[PDB]
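The chain contents come next:
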Amino acid sequence: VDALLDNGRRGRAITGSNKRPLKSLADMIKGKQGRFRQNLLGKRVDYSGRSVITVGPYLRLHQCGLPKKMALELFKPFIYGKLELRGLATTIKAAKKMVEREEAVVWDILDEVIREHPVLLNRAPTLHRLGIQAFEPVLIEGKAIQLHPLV
Amino acid sequence: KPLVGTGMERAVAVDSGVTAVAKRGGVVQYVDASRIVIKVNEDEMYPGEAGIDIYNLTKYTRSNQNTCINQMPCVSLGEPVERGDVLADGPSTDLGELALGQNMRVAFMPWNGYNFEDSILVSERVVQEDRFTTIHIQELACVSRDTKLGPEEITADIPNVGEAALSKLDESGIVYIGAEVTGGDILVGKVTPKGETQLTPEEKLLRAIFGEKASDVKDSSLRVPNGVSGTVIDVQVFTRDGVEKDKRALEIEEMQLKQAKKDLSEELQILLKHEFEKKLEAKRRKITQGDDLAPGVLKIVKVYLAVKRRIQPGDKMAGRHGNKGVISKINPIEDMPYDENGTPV
Amino acid sequence: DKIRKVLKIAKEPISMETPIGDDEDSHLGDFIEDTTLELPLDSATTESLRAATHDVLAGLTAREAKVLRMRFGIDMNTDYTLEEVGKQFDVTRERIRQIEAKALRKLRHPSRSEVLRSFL
Amino acid sequence: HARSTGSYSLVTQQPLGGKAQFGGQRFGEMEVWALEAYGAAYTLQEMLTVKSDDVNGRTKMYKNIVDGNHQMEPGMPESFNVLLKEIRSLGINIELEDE
Amino acid sequence: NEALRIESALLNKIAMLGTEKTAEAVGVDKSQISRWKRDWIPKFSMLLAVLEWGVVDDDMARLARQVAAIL
Amino acid sequence: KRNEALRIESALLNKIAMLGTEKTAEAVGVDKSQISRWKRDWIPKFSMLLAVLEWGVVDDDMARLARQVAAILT
Amino acid sequence: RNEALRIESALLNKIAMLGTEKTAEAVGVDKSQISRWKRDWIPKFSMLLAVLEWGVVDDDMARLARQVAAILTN
Amino acid sequence: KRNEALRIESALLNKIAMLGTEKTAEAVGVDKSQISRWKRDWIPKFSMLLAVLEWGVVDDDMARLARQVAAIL
Amino acid sequence: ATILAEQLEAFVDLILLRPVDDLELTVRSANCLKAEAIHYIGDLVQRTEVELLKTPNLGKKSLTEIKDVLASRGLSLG
Amino acid sequence: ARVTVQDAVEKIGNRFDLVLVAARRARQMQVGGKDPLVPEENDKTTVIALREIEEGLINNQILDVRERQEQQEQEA
Amino acid sequence: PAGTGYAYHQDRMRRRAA
Amino acid sequence: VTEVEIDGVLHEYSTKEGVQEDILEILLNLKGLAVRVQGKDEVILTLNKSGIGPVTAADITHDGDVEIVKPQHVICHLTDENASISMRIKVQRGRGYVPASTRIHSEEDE
Amino acid sequence: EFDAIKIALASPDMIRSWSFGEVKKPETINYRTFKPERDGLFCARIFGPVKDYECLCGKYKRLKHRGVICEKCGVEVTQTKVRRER
Ligand SMILES: [Zn+2]
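- In the annotation of the PDB entry, chain E is listed under the name Transcriptional activator II and assigned to Escherichia phage Lambda.
- Its PDB record names the entry "Cryo-EM structure of CII-dependent transcription activation complex".
- The heading Subunit in the UniProt record of chain E holds the text "Homotetramer. Interacts with cIII; this interaction is essential to stabilize cII that would otherwise be quickly degraded by host protease FtsH."
- Its UniProt record gives chain E the following Sequence similarities comment, quoted word for word: "Belongs to the lambda phage cII protein family."

Have a look at this one:
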């Protein structure tokens, strides 16, 4: 029972088939890897992407260069909705097939979708507030996010 | 080659077994993209032997990092070679010199913020000459196992995919060699048995309306990862000892057997007969012996794709002095700085 | 064949806290997905298919639409049998069979099920 | 690498790792601090309820986005339910008051 | 008895074929083949007797003999 | 043997259909359900056996053609 | 197909001329049977006649002749 | 009218045999495994209709086949 | 020079195919249209009302239905 | 078009009530229950709501007054 | 209870203290 | 040059027996072949060579309207007496640089 | 919905009130047909069904029968998500 609850406080933790101590009921709550800090204070998140950043010195301060493929994947439900609403797809499965085929009008829908939809750009060590900032996306034919030089 | 090196490039190139180095001096007798044959000089010839050396070059194979390992001959026909000379150039080697990158005409100047923090501005001629292009062979395995509902199959009959999607697959359900595939195409067509689907209402009705039948097999075909686009350069089939081989497995096996005989027969012709024939029966038995696979897995098909990554913004470049950099823009040749002679950087 | 079964018999299950080569924060349980989950596209497609069946059955005569809603469990309890439908329509079983066949034929019409076949 | 929706982790109903399981980006604790320092409470709430963990919330959000109703019904994240069942699996009674 | 002739001929031909071949053909474990045969051969022999397997071929042989006689 | 098995299965099923599942059951000595389920379960397997056993018989359409030719010539 | 459509139109036209009741009395079946055939089977019979009116291609004609000889040879 | 029905039925059965079971089954949407039964049921009835519709059918190819068969023997 | 001059000049200026299956009308209509080899709509419009009515088993209400459905689908005879 | 929100923040203040009132009004437009009060310039409902706030046509007080009067006239 | 949710939280208190 | 079709070759990551250059190197060589066509905008040239020696641009079968600017351009080498290279090179007129990737826009029935 | 979170000690009566049954055996899975065992750590009667609205034994495979407990196996028929709560 002690091992089940804590697998410590009893001199020697009991190990499994491998030589590694069994993870106890208490070990799944405490620590840097416990529920509180790995799953409750921070999380993995949908509608998110990541890519290398280039400069793009033509940008205005309020906008960022977003790759077209990245935008197409990040805004898929919005694209399905626009495809259904504008009559270009009868059902959601048909709209999915169009977005998979990347038909010419899917890109027009994607331009309409992100016209004034900001996206949050975040760099890995978020030391302060300005480590996350919202930008207006401008679609770029590439694979690297373009970041304004002043940010 | 490094236009500016330190003189240590030959040592690194040769000491690492990435090139083919002459074991014995002689005159090159036959050169080919795939092999070199040397007529050893009589001084280095042992009494009981034929003075012939055959170096078999490593053609396009995959490295631990999914790069291209390929050896090209660096000698011409009839050329004299001495012991320790480089006969083929391995990956990233030029005439026995370590050649990790490309020597490029670089200018140091700001140019409009397109190299702002560490960004790099590149000309379109750099892309046109394909001098930072790389080959990226990669494996993709389709394993058919023994499931409780029934064994998995690699048939070419795949529900819910049209005629065109199955055009790249042969009769046995495996993509052809040399076929240029795109992210999403089927490589190996596989189907798993299924049952007791438990269809919902307003779907039973739909199937009734369209007189369609729900398939008893679900599609588990190996498809190309989205984004990746290369050509199929190799296919390997591993069949369990008891299972019966398919058409493509038998076809591959015959190709390997003929290749084996060809290599052994050429070896005897270029150069002993007792070891030739004994090795042909061992090589033949090894080709058809049947593979010891994991338990349950019935048949494995490995497809090797060969991508070609050219260059683009976001790719990291570097010099040898710790100067990193990500390509930001690829410039037209008429936008680049140029000197009095009109040569752009 | 018993030899193969005995050899296939599952070995000791792998601990889900097994470190991956990095051994830092990658554990085996970080690579295992919930297989019994409905993808949001599948759920939305189910809702749209329910709506489409409703809007298509609407364009049917009263008794034919009722017969088709009964024969399949369409927004009701377990599906009824032809005999039960006769017990409720007070008509012969073969009559209900003919009615449902004709209703399905009418639903097969183009310009009446193009969206429904798009659902395939 | 990008992702709208995909596979989800087993014990915690959250997205998975990076680009080999088509998984999402970790919106870790310091990113939460940055959102808190801003006033972005709806951004934060949707980030840690409908985009990650609320099982019923994320399907409703997907549907609502599909028909152009950019509103959410946040709900309780599944990982907090896991934590409650794990503390209760010790001899500790932890419950929500004023049900 | 047509059924008994069919049973005899089928059993003889199956035995000549080989145990492993028959098991593979009918997808039955080699430990069950004797059971499968003893149970199912009479049923299928009776079935083929009803279906008149080979009777069309017998009449075809008769027609071939007659045509040979005419020519 | 695969295509021969398919052909033999088709011929067997055609013979049962022509005679009748009810009538075939009555003659064989089983119930109609048993014939209906043998058609689904074992007739393919027995057909593969016949393909291996080499008991294939002449297709009935070509049989009719041969009969007609033998009547026309004679 | 086109020949199938022509055949179907001809059959329906002749049915119209003769009279559904008259054709029912001539065929031994009821009026409703002819009317329902007009929609169930007549198209399929028309397609069958379309594919039959092509005749026999010489290659397959020789194939069938050889097979008919083989089945009729001791 | 019945004798003509039998004559056209024989001609049609011959034509079906020459065409091929696969083709006939595909043409009239009948499962191949059952096509033969179809011929027992609808070939005569259909024949009757052709006899009542004053449709004309001929069976030259069959005779041709006979000739060709004689060539082998 | 020609390319530059051209750009500088730019600067200095400153249904009928649908078969009978898409009619879904009374079986009277479909039967009469199939009899007269009127299978596609594209061949239906070229007909005229007075000639169509002459068809047997085709009277006032059948022609009314065919014409009104054609009108409802933006089609007419001629 | 929209780059900065300094006139809307000015007209409402607190930089947080602006978000809430703009969200209320943008949802009003998004659902088929309301129409823009400023000439639509191909903007999204969020930007349209911000542009209405800047003009002074929308406040938290205006919105609740309109909601109340719509409730009162629903009685009819 | 910090930013754009502060108002919401205050409103909750308005309903809790009754 | 826009595309090539060598006799017994399936992809550029293979090697031809008796040829010293790899197929990929052969294509990189053919990329630099200077040529002009007067009449047409698209022509398929043919190159068939046997026997030891360099296979140069002078060995390309020539029609009247195609002119090989430098006939000494080396295409490959044959290193075996019983070695044959037979290819059909596709030359077409265009403007600028268009990579094959952007040339697979639709596959145009390729 | 909920205003505060209360934490306290757990009594045997409280722990039994949470419980939906007593795990009596250490068995988990049947090693041939991997269905849950009768009273083990993975038990359908105690913890709920393993497939949506499908009884373990196989006598109930419709949403219509929702809300009844079987007799050949005693397994409640409901959603599988309840496996995360029981
Ligand atoms: Zn049960």
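Having seen the structure, we can now continue with the description.
A few points about the pattern of salt bridges
Residue and element names in this part refer to chain E.
Here is step 1: Counted by the stated rule, this structure contains 74 salt bridges over all chains.
Here is step 2: In this structure, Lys21 and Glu24 form a salt bridge, with 3.9 Å as the shortest nitrogen-oxygen distance. Residue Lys21 and its partner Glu24 are located together in helix α2 (residues 19–26), separated by 3 residues, close to a single helical turn.
Here is step 3: Among the ionic pairs, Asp58 bridges to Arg62, the shortest N-O distance being 3.9 Å. Here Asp58 and its partner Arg62 are both found in helix α4 (residues 55–70), 4 residues apart, which amounts to about one turn of the helix.

Quick look at a negative patch on the surface
Here is step 1: A cluster of acidic residues, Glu180 of chain B together with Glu107, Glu108, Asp109 and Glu110 of chain L, forms a negative patch on the protein surface.
Here is step 2: Of note, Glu180 of chain B is situated in the loop between β15 (150–151) and β16 (186–188).

Topic: the nonpolar core
Here is step 1: Core analysis: the largest hydrophobic core is formed by 41 residues, its most contacted members being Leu11 and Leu48 of chain G together with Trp38 and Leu50 of chain H.
Here is step 2: Among the elements of the structure, α1 (2–18), α2 (20–27), α3 (31–40) and α4 (42–52) of chain G together with α1 (2–19), α2 (21–27) and α3 (35–52) of chain H are those that each provide at least two residues to this core.
Here is step 3: With 10 residues, α3 of chain H is the single largest residue contributor to this core.
Here is step 4: Apart from residues no more than four positions distant in its own chain, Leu50 of chain H is found in contact with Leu11 of chain G together with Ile8, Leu12, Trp55 and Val57 of chain H.
Here is step 5: Counting 37 residues, the second-largest nonpolar core is a separate cluster that includes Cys64, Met70, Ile92 and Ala95 of chain A.

Quick notes on the packing of α4 of chain G against α1 of chain H
How two helices pack is summed up by the angle between their axes together with the distance between the axes.
Here is step 1: Put simply, α4 of chain G and α1 of chain H touch, their axes get as near as 11 Å, and they point 65° apart. What the angle tells us is that α4 of chain G and α1 of chain H run roughly perpendicular. Here α4 of chain G runs over α1 of chain H; the crossing is left-handed. Where α4 of chain G abuts α1 of chain H, its residues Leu48, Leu49, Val51 and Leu52 of chain G lie against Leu12, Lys15, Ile16 and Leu19 of chain H.
Here is step 2: Of the residues in the contact of α4 of chain G with α1 of chain H, the class split is 7 nonpolar, no polar and 1 charged.

Observations regarding the UniProt feature "DNA-binding region" in chain C
Here is step 1: Summarizing the sequence annotation, UniProt attributes the feature "DNA-binding region" to residues 82–101 of chain C in the numbering used throughout.
Here is step 2: Measuring from the first to the last C-alpha atom of residues 82–101 of chain C gives 12 Å, for a span that is 85% helix and 0% strand.

Topic: the interface of chain D and chain A
Here is step 1: Taken together, the contact pairs 45 residues of chain D with 41 residues of chain A.
Here is step 2: Summing the contributions of chain D and of chain A, the shared interface buries around 4000 Å²; its carbon and sulfur component is 58%.
Here is step 3: Summed over the three residues of chain D that lose the most area to chain A, namely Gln25, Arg26 and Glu86 of chain D, the buried surface amounts to 16% of that side.
Here is step 4: Our count for the contact surface shared by chain D and chain A stands at 2 salt bridges.
Here is step 5: Close ionic contact of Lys43 of chain A with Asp53 of chain D constitutes a salt bridge, the shortest N to O distance being 3.4 Å.

Looking at the side chain of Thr91 of chain A
Here is step 1: Within the fold, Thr91 of chain A resides in the loop between α4 (76–85) and α5 (92–101).
Here is step 2: Since its relative accessible area comes to 2%, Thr91 of chain A is described here as buried.
Here is step 3: Contacts of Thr91 of chain A, omitting those with residues within four sequence positions, involve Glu84 of chain A together with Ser48, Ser118 and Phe119 of chain C.

Details of the coordination of the zinc ion
Residues and elements named next belong to chain M.
Here is step 1: Protein-derived coordination of the zinc ion comes from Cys55 (SG), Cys57 (SG), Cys70 (SG) and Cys73 (SG), at a distance range of 2.3 Å.
Here is step 2: Around the zinc ion, the 4 donor atoms are arranged such that angles at the metal cover 95 to 119°; this shape is classified as tetrahedral.
Here is step 3: All donors of the zinc ion belong to a single chain; written as a sequence motif, their spacing is C-x1-C-x12-C-x2-C.
Here is step 4: A relative accessible area of 3% means that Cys55 is categorised as buried.

About the thresholds
Residues numbered from 1 in each chain as written, not as in the entry; some residues may be left out. Chains lettered and ligands numbered in written order. Part of a larger assembly, values for the part shown. Heavy atoms only, no water. Residues with missing side-chain atoms left out of burial classes, pairs and counts. UniProt positions renumbered as here; feature names shortened; annotations may be inferred. Salt bridge = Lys/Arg side-chain N within 4 Å of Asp/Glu carboxyl O. Helix = DSSP H or I, 4+ residues; strand = E, 2+ residues; numbered from the N terminus. Patch = residues over 30% accessible without salt bridge, like charges linked within 9 Å, V, L, I, M, F, W, Y side chains within 5 Å. Areas by Shrake-Rupley, 256 points an atom, 1.4 Å probe, with all protein chains shown as cover. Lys, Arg positive; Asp, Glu negative; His and termini not counted. Charge placed at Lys NZ, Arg CZ, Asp CG, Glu CD. Core = buried A, V, L, I, M, F, W, Y, C linked by side-chain atoms within 4.5 Å. Buried < 20%, exposed > 50% of the residue type's maximum accessible area, 1.4 Å probe, protein only. Contact = heavy atoms within 4.5 Å. Axes fitted to C-alpha atoms, helices over the stretch in contact; angles between N-to-C directions. Parallel < 35°, antiparallel > 145°, perpendicular 65-115°, else oblique. Left-handed = near helix turned anticlockwise from the far one by under 90°. Nonpolar A, V, L, I, M, F, W, Y, C, P; charged D, E, K, R; others polar. Buried area = accessible area lost by both parts, 1.4 Å probe. Donors = N, O, S within 2.8 Å, 3.2 Å for Na, K, Ca; no water. Tetrahedral: all angles 85-135°; square planar, octahedral: opposite > 155°, others 65-115°.

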